[PDB]
Amino acid sequence: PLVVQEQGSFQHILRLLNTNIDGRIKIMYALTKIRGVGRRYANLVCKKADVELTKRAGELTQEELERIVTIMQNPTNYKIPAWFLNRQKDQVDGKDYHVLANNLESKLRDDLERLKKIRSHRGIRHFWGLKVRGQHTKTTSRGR
Amino acid sequence: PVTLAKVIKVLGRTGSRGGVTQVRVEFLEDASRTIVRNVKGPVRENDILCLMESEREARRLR
Amino acid sequence: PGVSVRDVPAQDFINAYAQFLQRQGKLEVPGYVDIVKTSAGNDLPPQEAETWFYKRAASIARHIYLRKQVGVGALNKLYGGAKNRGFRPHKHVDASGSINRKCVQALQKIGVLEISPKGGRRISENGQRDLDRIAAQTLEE
Amino acid sequence: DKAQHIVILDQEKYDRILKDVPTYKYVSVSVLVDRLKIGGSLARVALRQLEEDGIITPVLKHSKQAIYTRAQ
Amino acid sequence: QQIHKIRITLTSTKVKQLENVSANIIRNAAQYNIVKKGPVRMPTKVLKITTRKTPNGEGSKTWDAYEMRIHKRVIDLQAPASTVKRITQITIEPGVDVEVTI
Amino acid sequence: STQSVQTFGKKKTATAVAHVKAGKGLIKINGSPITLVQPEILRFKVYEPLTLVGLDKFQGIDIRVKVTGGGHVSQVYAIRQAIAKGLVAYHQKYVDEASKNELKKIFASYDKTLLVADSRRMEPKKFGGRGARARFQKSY
Amino acid sequence: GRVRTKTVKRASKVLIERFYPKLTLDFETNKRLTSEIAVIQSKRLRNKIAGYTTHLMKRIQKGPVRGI
Amino acid sequence: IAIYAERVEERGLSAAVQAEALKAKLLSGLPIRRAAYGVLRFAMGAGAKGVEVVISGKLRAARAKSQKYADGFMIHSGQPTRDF
Amino acid sequence: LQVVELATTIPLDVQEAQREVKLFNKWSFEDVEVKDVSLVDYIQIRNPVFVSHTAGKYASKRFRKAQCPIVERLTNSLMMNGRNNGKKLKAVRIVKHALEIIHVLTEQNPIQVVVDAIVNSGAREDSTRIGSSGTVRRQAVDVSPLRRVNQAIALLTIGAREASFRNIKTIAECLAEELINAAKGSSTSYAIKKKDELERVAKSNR
RNA sequence: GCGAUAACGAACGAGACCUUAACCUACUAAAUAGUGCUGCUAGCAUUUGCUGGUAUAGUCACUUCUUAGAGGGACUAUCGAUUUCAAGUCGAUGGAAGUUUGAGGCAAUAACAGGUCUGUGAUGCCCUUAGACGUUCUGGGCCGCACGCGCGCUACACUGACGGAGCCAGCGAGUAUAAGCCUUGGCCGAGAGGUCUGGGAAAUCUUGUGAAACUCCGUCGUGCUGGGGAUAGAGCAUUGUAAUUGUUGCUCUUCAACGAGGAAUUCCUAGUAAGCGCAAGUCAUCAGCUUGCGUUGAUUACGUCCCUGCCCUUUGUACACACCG
Ligand SMILES: [Mg+2]
Ligand SMILES: [Mg+2]
Ligand SMILES: [Mg+2]
Ligand SMILES: [Mg+2]
Ligand SMILES: [Mg+2]
Ligand SMILES: [Mg+2]
Ligand SMILES: [Mg+2]
Ligand SMILES: [Mg+2]
Ligand SMILES: [Mg+2]
Ligand SMILES: [Mg+2]
Ligand SMILES: [Mg+2]
Ligand SMILES: [Mg+2]
Ligand SMILES: [Mg+2]
Ligand SMILES: [Mg+2]
Ligand SMILES: [Mg+2]
Ligand SMILES: [Mg+2]
Ligand SMILES: [Mg+2]
Ligand SMILES: [Mg+2]
Ligand SMILES: [Mg+2]
Ligand SMILES: [Mg+2]
Ligand SMILES: [Mg+2]
Ligand SMILES: [Mg+2]
Ligand SMILES: [Mg+2]
Ligand SMILES: [Mg+2]
Ligand SMILES: [Mg+2]
Ligand SMILES: [Mg+2]
Ligand SMILES: [Mg+2]
Ligand SMILES: [Mg+2]
Ligand SMILES: [Mg+2]
């Protein structure tokens, strides 16, 4: 509840899940740099890890940093609701998952060929690079 | 060396768009040397408006 | 002369009743308060994670004090706000039903409110007694 | 991009704050940011404590604007 | 089934006949010593319909704004049921419709 | 009963009904003291009818108003009118008219809206545009 | 503008040529008089006629008027 | 339900009767000028303040035309047109 | 001088107002004077107001704007650029905060500084255009007192608005910097560069 | 309109007229509107006071607030200026209203190859009329995408985003043996939504539609950032026979151009412009659309013919199907 000082404990650059995080960002919004971690998700893992949101990224100790990456990789074990997850009711094993920085584009990709392998209409328009959700195309999306 | 001149008579709207007004000014001190000058903003009589230069009359504007 | 709830500013009265309700500790807080957002129109959960439920329950109690048989559907509309539809214009959307219903249900077992006849939720015989008390301990400074 | 304002308060800057803020006609969140090179959030906590420590007198209280002056 | 608190509801589009029937009933409820409450002017309802002028879709976008004002009055009488109904036949008007509810 | 006069003030849609009774000087807004009106930056709009005449005028009378309709700002102007009109109307009925004409002089010389309701109302919207005078942007 | 029309200008000056002794310089008195002298279909025209008749009456006392 | 048939008192003052009467004449091959003046004088004979008849369409000629036949005094704007 | 006891209690500080009407119960009009003979009748400081919000009808007739309080004309000009139109309560907050900053700096009466900044920012001769259907034919003309006053308010608020855009300094304290510099005639301030440049061009046309 | 006057006296149109908004402590009443008292009753300081609930029998009182019918009220009224001392105009004072009091509805003599036979069981003629161009069923399309143009919605942030808290309108709409209306209140659900009852054919209930901007207190701190939320993956509900070419809604995640916009060009003078929402129409579902309504509420003229369009007078004409000559 007052200004405090520290020396040598701040860490300017963090590395979490093979992603570089700026250490002078507030912890809740620093994790949003990790792809697959939005503002809504980052708010809860810090609250489940008892990391008060009033701390910058470099303020955290190693003990706290490992406690966060553990929760993100195992969300359901920490009373994180299934509906709150990124990839729930998975295609192959049917369980609720939350894919992260490097895993996200791999399983996002696997969904694309899975649409394209069966040659569905939605997968085809994805192949063409067009809008797949029915949006009009006669007058919008003319950039490159 | 600015001079102040109270207006005593609004002659009429002049200029192409009618945005400038002919007016008859009288000096606060030395109540003589009455001059006709053009003014941009809205003007009633008895408005105290100062002149950067005094020795110049005015006639109808384009 | 006496003191009533109407004789104290609303904004700092709720901040005082919220403090009492947290320190008293008898109010039952549901287990999802650290996860949920107040309204579907909101995009983030409340910033005061430890205290937002107490303050909202304090707000609910004060709002019911000044009226007669307000329902839980009316509470969702009151605390609801303008939704940020992306490119479409803004619109008013009601708040979450469970959060308001749990507060009035939680407030019903702490003794401040009760189900009124012909619908709604009246303030209790003791509900008037204890709110007017908090008002007195608000304005002494 | 050129701002790079300091958000962590070390010891060299801390006593520099207590040595420089008293010699200000008018201090505010922007005044602290403008001249002390500290961030806005760090300025807000600094203002709320410097008032509690008596160095700073609160001219006006508001969420969006904090008007303060020297207490000497 | 004798003297009752009886409601007569008057609705019509035009006010001249509505006030004549309203005044005529009040007049007959005066010489007859019957206590009465009314008439009560209910807030008039403006039924508005806004169409496009063009039967086609060509021209300036011009609109008609039609209206249908509905005026409703209720009068409370304290009299036996036989007396009130025959009063209605005395003050029968084509424009104004009457409904009687106990 | 007692010396009671009832009045009203109006703005665009807001209407504030003021009851002025004889008493110790009780002045409440919808059952709440006027010292706690929400629009803080406008709290002096309702303080004006008080400090203009002097709080000594309110020793013998108590005022309770009920304001409904309109908006947040429109309600403030409705309240201050009901109070100003209520104080004048009480003097005309229960005090000599010399004093009533005195109070009305200070009020009118300061703000006409203290006693006279503003007659401005919203102009109806006309087709061919999104507003009363505004029109849809034209293209050639 | 406030230019009175011919239906009020000619109708008011017929009154002066016909009922000058009973007229006066007061609008309120003139307004009541014209409700019993002329059959005016609308209240607004009645005040308009009397308001211009008053102006003509106010002008007659300062000299002779044209058309009366 | 009970239906009663009542004669119109002043047939000349009813534009509905005059328009139906004109159609029964136009459909009999009578010339327009003789037919049009038959309603102009019948309306005025009944005491109408004014009357104007417009007939539009095609008559033997490929191009269509309209002709107005006014008489007497006619008002055009404002509420009284809805009254009289 | 007496403290008047009512059934509805009135705070002590606010009762200190029956004696004198002051802007926000803090600023006095008694010691305020227009330092220009030519704008006295068009800077209205004779009728004191508590808050710069009167909701009067000053757009009906031609010169009713000169009767509006000068601070209210200033808070009217703040609410611009679409997103701020109609946000007068926000505008009053900026003016209320701006005066306090003008008070802690230079210690003068804040509304005296406002009057000085307005008389010093209005150009006395502007060069109007008299082009005959396209050709350039600039002509030097005089400036009326009313347009001189109300363009000062337009330039002062425009300069303050642009100084607070994408800047950590708040609008209330951007207005304070704009008003203080222009009040003392400093050429660093916006609306003083504009006033000199207007009067400079008029000199190059006679 | 005054006035000049070979004109005089008139008609349509304009104006008058009608609807709506603003005034009425002056009439008429209102348990489907509100209030004070009064019964009964709660909380807080005890001074008899301050906030409430209850009240369709207190078989009360009243019509200021609310509703609407009969009227009254403004006619440029009075006074100053200018003016041919005329029509008028500009200032004050009084006033609810002094810009035609604000806004609309109606709206002349003729005319256009203007648009509609895709509104009509309105139509002439031509075409088709049983392998139909009728009508019906199934499925698709009207959304289809290298591009140009127009009406708009979000935004580019700090006069701000979020997070809590404060918490105010008006215009309106609403059903039955249906083919299902508006839906409170209770209970589940993070939500979307689900379920059980009840009210309302309506000043009674939804509803004070507790709307949003807005205000207060916090977090953020000039960073493509917590601005912005396209695009897309996975999942949850609703409507509908049927959602694939995602109807719509909800949850998590991805988080693009955009850092205020060239030549040009639109709308607008007071409760106006601008924001900001709400209701009604379409409607099983879908409103970034219209038609209205209200909340907050300004800057700047109150002038001119410079551009543009139109009207009038004079003029030329080889045009009159009238320059599309
Ligand atoms: Mg709300
Ligand atoms: Mg809210
Ligand atoms: Mg937004
Ligand atoms: Mg948005
Ligand atoms: Mg006519
Ligand atoms: Mg007309
Ligand atoms: Mg800023
Ligand atoms: Mg006519
Ligand atoms: Mg009752
Ligand atoms: Mg009671
Ligand atoms: Mg009109
Ligand atoms: Mg055609
Ligand atoms: Mg054609
Ligand atoms: Mg057809
Ligand atoms: Mg057909
Ligand atoms: Mg059709
Ligand atoms: Mg077929
Ligand atoms: Mg289409
Ligand atoms: Mg398609
Ligand atoms: Mg359009
Ligand atoms: Mg907010
Ligand atoms: Mg209702
Ligand atoms: Mg999105
Ligand atoms: Mg971003
Ligand atoms: Mg144009
Ligand atoms: Mg559809
Ligand atoms: Mg709709
Ligand atoms: Mg459409
Ligand atoms: Mg010729």
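The rules behind the values
Residues numbered from 1 in each chain as written, not as in the entry; some residues may be left out. Chains lettered and ligands numbered in written order. Part of a larger assembly, values for the part shown. Heavy atoms only, no water. Helix = DSSP H or I, 4+ residues; strand = E, 2+ residues; numbered from the N terminus. Rg over C-alpha atoms; globule rule 2.2 N^0.38 Å. Contact = heavy atoms within 4.5 Å. Areas by Shrake-Rupley, 256 points an atom, 1.4 Å probe, with all protein chains shown as cover. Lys, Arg positive; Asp, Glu negative; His and termini not counted. Charge placed at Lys NZ, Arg CZ, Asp CG, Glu CD. Near = heavy atom within 4 Å. Polar contact = N/O pair within 3.5 Å; in protein donor to acceptor, adjacent residues only side chain to side chain. Expected span 1.5 Å × (residues − 1). Buried < 20%, exposed > 50% of the residue type's maximum accessible area, 1.4 Å probe, protein only. Arc of directions from axis to C-beta. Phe/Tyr/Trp six-rings, centres within 6.5 Å; stacked < 30°, edge-to-face > 60°. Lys NZ or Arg CZ within 6 Å of the ring centre and 35° of its normal. Buried area = accessible area lost by both parts, 1.4 Å probe. Salt bridge = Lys/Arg side-chain N within 4 Å of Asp/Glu carboxyl O. Nonpolar A, V, L, I, M, F, W, Y, C, P; charged D, E, K, R; others polar. Patch = residues over 30% accessible without salt bridge, like charges linked within 9 Å, V, L, I, M, F, W, Y side chains within 5 Å. Pairing = 2+ DSSP bridges. Axes fitted to C-alpha atoms, helices over the stretch in contact; angles between N-to-C directions.

In terms of determination method and resolution, the entry is listed under X-ray crystallography at 3.00 Å.

Chain H goes by Ribosomal protein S3 in the PDB entry, where it is assigned to Candida albicans.

Chain G appears in the PDB entry as 40S ribosomal protein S17-B from Candida albicans.

Student: Account for the overall build of chain H, with residues named and values stated.
Tutor: For chain H, the helix and strand inventory stands at three helices and two strands. What you see for chain H is a C-alpha radius of gyration of 15 Å, clearly larger than the 12 Å of a compact globule of 84 residues, by over 25%. Considered along the principal axes of its C-alpha atoms, chain H spans approximately 45 × 35 × 25 Å. Of the contacts formed within chain H by residues at least 6 apart in sequence, a portion of 40% connects residues at least 24 apart. As presented, chain H carries roughly 7100 Å² of accessible surface, and 55% of it is formed by carbon and sulfur atoms. The average position of the 14 basic charges and that of the 7 acidic charges among the side chains of chain H differ by 15 Å.

Student: Any details on the protein's contact with RNA strand J? Residues and values, ideally.
Tutor: In the vicinity of RNA strand J lie 258 residues, with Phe87(C), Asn47(G), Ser77(H), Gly86(I) and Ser164(I) positioned nearest. Here a sugar or linking oxygen of RNA strand J and a side-chain polar atom of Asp111(A) are 3.1 Å apart. Residue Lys66(F) places a side-chain N or O atom 2.7 Å away from a sugar or linking oxygen belonging to RNA strand J. At 10 residues, the largest contribution of residues to the surface near RNA strand J is made by helix α3 (residues 43-60) of chain G.

Student: Give a detailed account of helix α1 (residues 15-31) of chain E, specifying residues and quantitative values.
Tutor: Residue and element names in this part refer to chain E. Across its 17 residues, α1 extends 24 Å between first and last C-alpha, which sits within 8% of the 24 Å expected from 1.5 Å per residue. Buried residues of α1: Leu-18, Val-21, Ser-22, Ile-25, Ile-26, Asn-28 and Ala-29, and no others. Around the axis of α1, the buried residues are gathered within 165 degrees of arc, so they sit on the same side. Exposed residues on α1 whose side chains face more than 90 degrees from its buried face are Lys-16, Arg-27, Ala-30 and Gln-31.

Student: Run through the packing of aromatic side chains, naming residues and quoting values.
Tutor: Here the structure, examined in full by the defined rule, presents eight aromatic pairs over all chains. Geometrically, the ring pair formed by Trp52(C) and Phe53(C) is edge-to-face, given 5.7 Å between the ring centres and 85 degrees between the ring planes. Taking the relative accessible area as the measure of exposure, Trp52(C) reaches 7% and is therefore buried. A connected cluster of aromatic rings, assembled from ring pairs, spans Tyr41(A), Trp83(A) and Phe84(A). The ring of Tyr79(C) has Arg56(C) sitting right over it, with the charged end atom 4.0 Å from the ring centre. The ring of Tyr77(F) is capped by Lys11(F), whose NZ or CZ atom sits 4.6 Å from the centre of that ring.

Student: Please provide a residue-by-residue account of the arrangement of the chains, values included.
Tutor: Across all C-alpha pairs, the smallest distance from chain B to chain D is 37 Å, and the two are not in contact. Note that chain D does not reach chain E: the shortest distance linking a C-alpha of one to a C-alpha of the other is 47 Å.

Student: Pulling in residues and values, what's your account of the interface of chain A and chain C?
Tutor: Each partner contributes residues to the interface: chain A has 11 residues there, and chain C has eight residues. Taken together, both faces of the contact between chain A and chain C bury some 770 Å²; the carbon and sulfur share is 64%. The interface formed by chain A and chain C includes zero salt bridges. Between chain A and chain C we count two residue pairs in polar contact in total. Contributing elements (two or more residues each) for the side of chain A that touches chain C: α1 (27-30) and α2 (39-48) of chain A. Per-element tally for the side of chain A that touches chain C: the top contributor is α2(A), with six residues. Among the residues forming the side of chain A that touches chain C, the class breakdown is five nonpolar, one polar and five charged.

Student: Can you explain a nonpolar patch on the surface? Please cite residues and give values.
Tutor: Residues and elements named next belong to chain A. On the surface, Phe-127, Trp-128 and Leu-130 cluster together into a nonpolar patch covering about 390 Å² of accessible area. For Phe-127, the position within the fold is in helix α5 (residues 121-128). A residue is classified by how much of its surface remains accessible, and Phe-127, at 61% relative accessible area, is exposed.

Student: So what's going on with the sheet that holds strand β4 (residues 32-33) of chain F? Which residues, and what values?
Tutor: Residues and elements named next belong to chain F. In space, the five strands of this open sheet follow the order β1-β2-β5-β3-β4, with mixed pairing throughout. Each edge of the open sheet carries a strand with a single partner, namely β1 (4-10) and β4. On the sheet, helix α2 (residues 72-94) packs against β1, β2 (15-22), β3 (27-29) and β5 (61-68) and is oriented at approximately 150 degrees with respect to β1.

Student: Now, about the sheet that holds strand β1 (residues 26-27) of chain D: what can you tell me, with residues and values included?
Tutor: Backbone hydrogen bonds hold the strands of a sheet together, and the pairing may be parallel or antiparallel. Residues and elements named next belong to chain D. Spatially, the three strands line up as an open sheet ordered β1-β3-β2, and their pairing is antiparallel. Both outer strands of the open sheet, β1 and β2 (56-60), are each paired with one neighbouring strand and no more. Bridging between β1 and strand β3 (residues 67-70) involves two bridges; their strand directions are antiparallel. Within the sheet, the bridge partner assigned to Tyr-26 lies in β3 and is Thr-69. Contacts from helix α3 (residues 40-52) reach β1, β2 and β3, with the element oriented near 115 degrees to β2.

Student: Which residues make up the pairing of β2(D), and what values do they have?
Tutor: All names here are of chain D. Direction of pairing for β2 relative to β3: antiparallel, over a ladder of four bridges. Within the sheet, the bridge partner assigned to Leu-60 lies in β3 and is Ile-67. Here β2 folds back onto β3 in antiparallel fashion, the turn holding six residues.

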